[PDB]
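Coordinates as given in data_14.cif (mmCIF, C-alpha atoms):
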```
data_coords
loop_
_atom_site.label_atom_id
_atom_site.label_comp_id
_atom_site.auth_asym_id
_atom_site.auth_seq_id
_atom_site.Cartn_x
_atom_site.Cartn_y
_atom_site.Cartn_z
CA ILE A 157 -27.78 -29.43 -122.38
CA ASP A 158 -28.40 -30.06 -126.19
CA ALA A 159 -32.00 -29.29 -126.87
CA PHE A 160 -33.51 -31.21 -129.78
CA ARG A 161 -36.37 -31.05 -132.26
CA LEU A 162 -38.30 -33.78 -134.12
CA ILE A 163 -37.88 -34.86 -137.72
CA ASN A 164 -40.75 -36.24 -139.79
CA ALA A 165 -40.92 -40.03 -140.03
CA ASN A 166 -42.50 -39.54 -143.46
CA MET A 167 -39.03 -38.74 -144.80
CA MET A 168 -37.66 -41.85 -143.07
CA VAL A 169 -39.73 -44.05 -145.40
CA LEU A 170 -38.45 -42.04 -148.37
CA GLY A 171 -34.88 -42.69 -147.24
CA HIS A 172 -34.14 -38.99 -147.62
CA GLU A 173 -31.66 -37.17 -145.38
CA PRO A 174 -33.11 -33.89 -144.05
CA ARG A 175 -31.76 -30.49 -143.02
CA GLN A 176 -29.71 -29.80 -146.22
CA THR A 177 -26.34 -28.66 -144.86
CA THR A 178 -25.28 -25.28 -146.26
CA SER A 179 -22.77 -24.29 -143.56
CA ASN A 180 -19.96 -25.99 -141.67
CA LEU A 181 -21.54 -25.09 -138.35
CA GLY A 182 -23.84 -28.01 -137.55
CA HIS A 183 -21.48 -30.98 -137.47
CA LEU A 184 -19.24 -29.58 -134.74
CA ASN A 185 -20.51 -31.35 -131.62
CA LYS A 186 -20.37 -35.11 -131.65
CA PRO A 187 -23.42 -36.89 -130.23
CA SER A 188 -23.04 -39.35 -127.39
CA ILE A 189 -23.44 -43.03 -128.16
CA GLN A 190 -26.17 -43.39 -125.52
CA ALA A 191 -28.25 -40.72 -127.21
CA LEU A 192 -27.42 -42.43 -130.49
CA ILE A 193 -29.02 -45.60 -129.10
CA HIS A 194 -32.22 -43.57 -128.83
CA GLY A 195 -34.09 -41.75 -131.62
CA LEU A 196 -31.07 -39.70 -132.69
CA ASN A 197 -30.56 -39.68 -135.48
CA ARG A 198 -33.77 -41.21 -136.78
CA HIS A 199 -36.46 -39.03 -135.20
CA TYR A 200 -34.79 -35.82 -134.02
CA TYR A 201 -31.62 -33.75 -134.32
CA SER A 202 -29.22 -31.78 -132.14
CA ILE A 203 -28.80 -28.00 -132.23
CA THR A 204 -25.63 -26.11 -131.34
CA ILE A 205 -26.17 -23.39 -128.74
CA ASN A 206 -24.18 -20.64 -127.10
CA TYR A 207 -24.96 -18.20 -124.29
CA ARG A 208 -25.92 -14.53 -124.25
CA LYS A 209 -23.68 -12.86 -121.68
CA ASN A 210 -23.49 -9.14 -121.05
CA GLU A 211 -21.56 -6.75 -118.79
CA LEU A 212 -24.84 -5.71 -117.10
CA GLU A 213 -24.74 -9.19 -115.54
CA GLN A 214 -21.09 -10.32 -115.88
CA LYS A 215 -19.44 -7.90 -113.45
CA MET A 216 -22.17 -7.96 -110.80
CA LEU A 217 -21.83 -11.69 -110.22
CA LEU A 218 -18.01 -11.91 -110.31
CA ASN A 219 -17.28 -9.20 -107.73
CA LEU A 220 -20.03 -10.45 -105.40
CA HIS A 221 -19.53 -14.19 -104.99
CA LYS A 222 -16.36 -14.86 -102.95
CA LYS A 223 -15.26 -11.65 -101.20
CA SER A 224 -13.35 -12.11 -97.94
CA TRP A 225 -14.26 -9.31 -95.58
CA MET A 226 -11.61 -8.90 -92.84
CA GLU A 227 -10.32 -12.46 -92.45
CA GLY A 228 -6.68 -11.86 -93.40
CA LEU A 229 -6.60 -8.97 -90.93
CA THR A 230 -6.72 -11.43 -88.02
CA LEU A 231 -4.17 -13.50 -86.11
CA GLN A 232 -5.77 -16.99 -86.25
CA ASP A 233 -5.91 -18.21 -82.65
CA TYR A 234 -2.50 -17.01 -81.62
CA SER A 235 -1.72 -19.65 -79.00
CA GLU A 236 -2.75 -22.45 -81.32
CA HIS A 237 -1.02 -21.39 -84.54
CA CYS A 238 2.39 -22.04 -83.01
CA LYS A 239 0.82 -25.12 -81.42
CA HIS A 240 -0.26 -26.27 -84.87
CA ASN A 241 3.29 -25.39 -85.97
CA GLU A 242 4.36 -28.44 -83.99
CA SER A 243 1.30 -30.59 -84.78
CA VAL A 244 2.78 -31.03 -88.27
CA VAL A 245 6.54 -31.00 -87.61
CA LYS A 246 6.53 -33.92 -85.18
CA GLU A 247 5.25 -36.51 -87.64
CA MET A 248 7.20 -34.68 -90.35
CA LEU A 249 10.30 -36.03 -88.58
CA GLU A 250 9.26 -39.65 -89.06
CA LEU A 251 7.97 -38.90 -92.55
CA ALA A 252 11.53 -37.76 -93.24
CA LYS A 253 12.72 -41.05 -91.73
CA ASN A 254 10.81 -42.71 -94.55
CA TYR A 255 12.70 -40.29 -96.77
CA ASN A 256 15.75 -41.55 -94.87
CA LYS A 257 14.58 -45.00 -96.02
CA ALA A 258 13.15 -45.00 -99.56
CA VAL A 259 16.17 -43.34 -101.16
CA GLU A 260 18.39 -46.03 -99.64
CA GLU A 261 16.75 -48.89 -101.55
CA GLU A 262 17.51 -47.31 -104.91
CA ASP A 263 20.10 -48.47 -107.43
CA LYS A 264 17.87 -51.53 -107.29
CA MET A 265 15.01 -53.00 -109.32
CA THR A 266 14.51 -50.42 -112.13
CA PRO A 267 12.19 -47.71 -110.72
CA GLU A 268 9.39 -48.39 -113.18
CA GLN A 269 9.09 -51.34 -110.80
CA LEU A 270 9.10 -48.72 -108.03
CA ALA A 271 5.83 -47.38 -109.52
CA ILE A 272 3.64 -50.50 -109.50
CA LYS A 273 4.98 -51.73 -106.17
CA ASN A 274 4.31 -48.57 -104.13
CA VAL A 275 0.50 -48.71 -104.30
CA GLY A 276 0.08 -50.38 -100.92
CA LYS A 277 2.00 -48.23 -98.46
CA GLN A 278 2.67 -44.52 -98.29
CA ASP A 279 5.66 -42.80 -99.84
CA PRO A 280 7.72 -40.03 -98.26
CA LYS A 281 8.71 -38.02 -101.33
CA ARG A 282 5.28 -36.77 -102.36
CA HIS A 283 3.99 -36.58 -98.78
CA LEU A 284 7.14 -34.76 -97.64
CA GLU A 285 6.87 -31.86 -100.10
CA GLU A 286 3.20 -31.70 -99.12
CA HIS A 287 3.54 -30.32 -95.59
CA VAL A 288 6.27 -27.86 -96.59
CA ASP A 289 3.63 -25.99 -98.60
CA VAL A 290 1.36 -26.23 -95.56
CA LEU A 291 4.05 -25.17 -93.08
CA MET A 292 4.87 -22.14 -95.25
CA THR A 293 1.57 -20.51 -96.21
CA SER A 294 0.30 -21.00 -92.66
CA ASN A 295 3.38 -19.18 -91.39
CA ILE A 296 4.11 -16.50 -93.98
CA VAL A 297 0.50 -15.28 -94.11
CA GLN A 298 0.23 -15.19 -90.32
CA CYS A 299 3.62 -13.54 -89.74
CA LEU A 300 2.98 -10.82 -92.32
CA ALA A 301 -0.49 -9.96 -91.02
CA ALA A 302 0.92 -9.51 -87.52
CA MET A 303 3.32 -6.87 -88.79
CA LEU A 304 0.75 -4.77 -90.61
CA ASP A 305 -1.40 -4.42 -87.49
CA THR A 306 1.51 -2.79 -85.66
CA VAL A 307 1.72 0.07 -88.15
CA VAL A 308 -1.96 0.68 -88.90
CA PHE A 309 -3.27 0.28 -85.35
CA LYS A 310 -1.18 3.06 -83.75
CA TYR B 142 50.12 1.32 -80.70
CA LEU B 143 47.45 3.72 -81.96
CA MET B 144 45.46 0.70 -83.14
CA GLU B 145 44.81 -0.70 -79.66
CA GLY B 146 43.96 1.47 -76.68
CA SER B 147 47.59 2.12 -75.73
CA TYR B 148 48.25 5.83 -75.26
CA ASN B 149 51.14 6.09 -72.82
CA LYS B 150 53.47 3.93 -74.90
CA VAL B 151 52.50 6.19 -77.81
CA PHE B 152 53.85 9.16 -75.89
CA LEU B 153 56.85 7.16 -74.74
CA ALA B 154 57.56 7.11 -78.47
CA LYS B 155 57.02 10.87 -78.26
CA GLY B 156 59.84 10.67 -75.76
CA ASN B 157 61.76 8.69 -78.39
CA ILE B 158 62.10 10.46 -81.72
CA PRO B 159 65.52 9.21 -82.89
CA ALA B 160 65.89 9.99 -86.57
CA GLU B 161 65.11 13.65 -87.32
CA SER B 162 62.81 16.32 -85.88
CA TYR B 163 59.41 14.78 -86.89
CA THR B 164 57.90 17.86 -85.27
CA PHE B 165 54.95 18.77 -87.52
CA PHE B 166 53.85 15.11 -87.63
CA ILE B 167 53.60 14.30 -83.94
CA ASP B 168 51.85 17.63 -83.36
CA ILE B 169 49.09 16.50 -85.69
CA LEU B 170 49.36 13.24 -83.77
CA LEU B 171 48.94 15.38 -80.66
CA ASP B 172 45.84 17.01 -82.14
CA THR B 173 44.19 13.82 -83.36
CA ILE B 174 44.66 12.37 -79.85
CA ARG B 175 43.38 15.53 -78.12
CA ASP B 176 39.91 15.16 -79.64
CA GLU B 177 40.22 11.39 -79.18
CA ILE B 178 40.51 11.65 -75.39
CA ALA B 179 37.99 14.50 -75.47
CA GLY B 180 36.01 11.91 -77.38
CA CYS B 181 36.80 9.11 -74.95
CA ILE B 182 36.18 11.23 -71.86
CA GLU B 183 32.52 10.64 -72.79
CA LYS B 184 32.48 6.99 -71.68
CA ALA B 185 30.75 5.73 -68.57
CA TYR B 186 32.89 7.56 -66.02
CA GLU B 187 32.01 8.72 -62.50
CA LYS B 188 32.90 12.01 -60.80
CA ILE B 189 36.49 12.90 -61.65
CA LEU B 190 38.19 15.75 -59.79
CA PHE B 191 40.21 18.42 -61.57
CA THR B 192 43.48 16.48 -61.22
CA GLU B 193 42.97 12.95 -62.53
CA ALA B 194 41.46 13.57 -65.97
CA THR B 195 43.23 16.92 -65.86
CA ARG B 196 46.53 15.04 -66.23
CA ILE B 197 45.37 12.29 -68.59
CA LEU B 198 46.50 14.30 -71.58
CA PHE B 199 49.56 16.28 -70.44
CA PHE B 200 48.48 19.52 -68.87
CA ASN B 201 49.03 20.67 -65.29
CA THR B 202 46.12 23.19 -64.84
CA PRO B 203 45.76 25.79 -67.65
CA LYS B 204 42.45 27.11 -68.97
CA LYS B 205 42.79 24.49 -71.72
CA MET B 206 40.61 22.17 -69.63
CA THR B 207 37.84 24.77 -69.80
CA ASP B 208 38.18 24.64 -73.58
CA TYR B 209 37.46 20.91 -73.41
CA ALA B 210 34.89 21.09 -70.59
CA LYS B 211 32.86 23.68 -72.51
CA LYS B 212 33.31 21.95 -75.87
CA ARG B 213 31.67 18.75 -74.61
CA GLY B 214 29.85 18.04 -71.35
CA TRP B 215 31.25 16.80 -68.01
CA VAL B 216 30.23 20.10 -66.54
CA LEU B 217 32.54 22.44 -64.62
CA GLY B 218 31.42 22.14 -61.01
CA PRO B 219 32.87 21.86 -57.51
CA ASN B 220 35.87 19.77 -58.61
CA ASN B 221 33.56 17.51 -60.58
CA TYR B 222 32.97 16.06 -64.06
CA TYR B 223 29.22 15.45 -64.23
CA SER B 224 28.15 12.21 -65.92
CA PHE B 225 25.12 12.37 -68.21
CA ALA B 226 25.29 8.60 -68.76
CA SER B 227 21.72 8.18 -69.98
CA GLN B 228 21.70 5.90 -73.12
CA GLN B 229 17.95 5.55 -72.70
CA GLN B 230 16.13 7.20 -75.61
CA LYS B 231 16.55 4.78 -78.57
CA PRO B 232 14.99 1.32 -77.61
CA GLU B 233 11.41 -0.07 -77.77
CA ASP B 234 11.21 0.09 -81.56
CA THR B 235 8.74 -2.35 -83.06
CA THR B 236 8.07 -0.08 -86.05
CA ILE B 237 11.59 -0.27 -87.53
CA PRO B 238 11.23 -4.07 -87.85
CA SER B 239 7.57 -3.57 -88.79
CA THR B 240 8.52 -1.46 -91.78
CA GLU B 241 11.57 -3.50 -92.76
CA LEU B 242 10.31 -7.03 -92.10
CA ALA B 243 7.07 -6.37 -93.96
CA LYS B 244 9.34 -5.70 -96.90
CA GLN B 245 11.31 -8.91 -96.27
CA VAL B 246 8.33 -11.24 -95.83
CA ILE B 247 6.99 -10.17 -99.23
CA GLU B 248 10.46 -10.89 -100.63
CA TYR B 249 10.14 -14.43 -99.28
CA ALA B 250 6.87 -14.89 -101.15
CA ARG B 251 8.41 -13.56 -104.36
CA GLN B 252 10.90 -16.42 -104.63
CA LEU B 253 8.39 -18.97 -103.36
CA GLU B 254 5.40 -19.18 -105.69
CA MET B 255 5.85 -17.04 -108.79
CA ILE B 256 8.01 -18.52 -111.53
CA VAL B 257 11.28 -16.72 -112.14
#
```
Please, can you express the file's structure as structure tokens?
Amino acid sequence: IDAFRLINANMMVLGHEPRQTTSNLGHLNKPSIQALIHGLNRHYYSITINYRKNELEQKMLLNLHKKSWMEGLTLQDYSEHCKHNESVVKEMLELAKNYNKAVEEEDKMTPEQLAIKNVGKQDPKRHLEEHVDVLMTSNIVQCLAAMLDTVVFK
Amino acid sequence: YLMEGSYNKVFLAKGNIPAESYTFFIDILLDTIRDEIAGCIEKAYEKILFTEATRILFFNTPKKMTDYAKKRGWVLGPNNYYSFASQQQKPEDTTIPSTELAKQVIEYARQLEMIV
């Protein structure tokens, strides 16, 4: 955004600076250099804006955009969830073998050097705490939702 | 000897009271064994006639066995102690995990994501 409005080029010949600042409210936003290449500030000026929000509109767009209907009251493909519970763990073994590798070449060349040098091949340590978040929220959400169906549905 | 199952060697020590009378003590030890066998008559036993478990305490054949056989079960019949060995009512309980584990799974998520 940043709407603009012209300034007279008559005052440019006079060398006179317009708009006679009486409040510390105008010079808050800094103009971009690419707009400063153009006619700002020799032919037009910026104007600070805000937005008119109101509760007549605010609530009726928040509570209506992303509402999940009955998704978490499901079981998520019950033969395949435990199948996917091995589709991660199997390569998580070998990704821990890398974690059984990368720790072993420490007390070595000053691990700031182990920051530059590890941009070619994958590391365990970040990738290994990755799947643990995946292998938890996929399990804890699915195990809990199974045990609320047993009470509510008879 | 009261710690393990041994009962006869307990009453062999009730044949062997050497020091003084000890009378009021072993009679409470009688009484706390009387309900114990009347407790442990209730195991998985078959038909017993009115001689075998009639002599497991001490008694020959008074009406004292009718005091025990009408206190608990093992019904007075034609020389029989009837076995109501059911143990059937309690299983197939998904709900007792389903109340308790739904508490525990939330407790896993408490010390998992929110900072403590």
(request) Select residues of chain B: the criterion is any atom within 12 Å of an atom of chain A, counting only C-alpha atoms; output as a ChimeraX atom specification. (result) /B:234-251,253-254
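For residue 192 (chain B), the residues within 9 Å (counting only C-alpha atoms, excluding itself and residues fewer than 4 positions away along the chain) are residues 196, 197, 201, 202 and 220 of chain B.
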Around all the atoms of region 243-261 of chain A listed in the file, draw an axis-aligned box and extend it by 3 Å on each of the six sides; I want its centre and edge lengths in Å to one decimal, as lines of an AutoDock Vina configuration file.
```
center_x = 9.8
center_y = -39.7
center_z = -93.2
size_x = 23.1
size_y = 24.3
size_z = 22.8
```
(request) For CA of residue 192 (chain A) and CA of residue 167 (chain A), determine how far apart the two atoms are, in Å to one decimal place. (result)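 Those two atoms sit 18.8 Å apart.
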(request) For the structure shown, which residues end up in the PyMOL selection byres ((chain A and resi 229-235) around 8)? Put them as an MDAnalysis selection string, please? (result) chainID A and resid 226:228 236:239 298 301:302 305
(request) Evaluate the PyMOL selection byres ((chain B and resi 174) around 12) on the structure here and hand back the selected residues as a list in words. (result)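 Going through the file, the PyMOL selection byres ((chain B and resi 174) around 12) ends up selecting residues 143, 146, 147, 148, 149, 151, 152, 167, 168, 169, 170, 171, 172, 173, 175, 176, 177, 178, 179, 180, 181, 182, 197, 198 and 199 of chain B.
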(message) As a check of understanding, name the residues that the PyMOL selection byres ((chain A and resi 173-177) around 12) selects in the supplied structure, as a PyMOL selection string.
(response) chain A and resi 161-172+178-183+197-203
(message) Between CA of residue 225 (chain B) and CA of residue 211 (chain B), what is the distance in Å, rounded to a tenth?
(response)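 Computing the Euclidean distance for CA of residue 225 (chain B) and CA of residue 211 (chain B) yields 14.4 Å.
Take CA of residue 255 (chain A) and CA of residue 278 (chain A): the distance between them is 11.0 Å.
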(request) Would you please work out which residue, of A:240, A:264, A:277, A:194, is nearest to residue 290 (chain A) when using all atoms listed in the file? (result) A:240
List the spatial neighbours of residue 281 (chain A) as a CSV table (one decimal) with C-alpha atoms, keeping the file's coordinate frame - criterion: any atom at most 9 Å away, only C-alpha atoms, same-chain residues fewer than 3 positions off excluded.
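What ended up in part_16.csv:
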```
chain,number,residue,atom,x,y,z
A,251,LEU,CA,8.0,-38.9,-92.6
A,252,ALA,CA,11.5,-37.8,-93.2
A,254,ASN,CA,10.8,-42.7,-94.6
A,255,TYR,CA,12.7,-40.3,-96.8
A,258,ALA,CA,13.2,-45.0,-99.6
A,284,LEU,CA,7.1,-34.8,-97.6
A,285,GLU,CA,6.9,-31.9,-100.1
A,286,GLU,CA,3.2,-31.7,-99.1
```
